[PDB]
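Participant: My sequence and its experimental structure, below.
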Amino acid sequence: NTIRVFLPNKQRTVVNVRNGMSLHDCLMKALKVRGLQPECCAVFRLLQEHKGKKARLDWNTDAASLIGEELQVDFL
C-alpha cells in the first residue's frame, strides 16, 4: 500500500502514504530533502489514458487513496 511520486526531472520514488498522507506531506518532504520549493514545483497525476500530457493535480489530494498508481512533479 504505497504511492509512487516521481521526483522532478525524471525519477521514480514511492513511500508509505497510509492514514491520509496528502501530497503536501509526501512532497514537502522529498522537496526539503533536495532543497527545492513548492512555489516552483507542481504536482501531476499519471496520464489516465489521455492525449500525451501529464494530468494536473490539487495540492491536497489523498495519496493513501491514489496508491497503486504513480504521481509526478516538475517545475511549473
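Facilitator: Thanks, I have it. Numbers count the residues shown, from 1 in each chain.

Participant: Distance of residue 3 relative to residue 10?
Facilitator: Counting by CB to CB, to the nearest Å, the gap from residue 3 to residue 10 is 18 Å. Just so you know, the C-beta spots here come from the backbone N, C-alpha and C atoms, and that holds for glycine as well.

Participant: Compare these two and say which is more crowded by neighbours.
Facilitator: residue 3 (24 against 8; other CB atoms under 10 Å).

Participant: what's the more buried one in contact with, if anything?
Facilitator: For residue 3, the contact set (CB atoms under 8 Å, 6 or more residues apart in numbering) comprises 14-15, 17, 21, 26, 63-64, 66-71.

Participant: Repeat the analysis, applying 7 Å as the threshold.
Facilitator: Contact partners of residue 3, counting by CB atoms under 7 Å, 6 or more residues apart in numbering, are 14, 17, 26, 63, 66, 67, 71.

Participant: Closest to residue 47 out of the residues you listed?
Facilitator: Minimum distance to residue 47 across the contacts of residue 3 is 11.7 Å, recorded for residue 71 (CB to CB).
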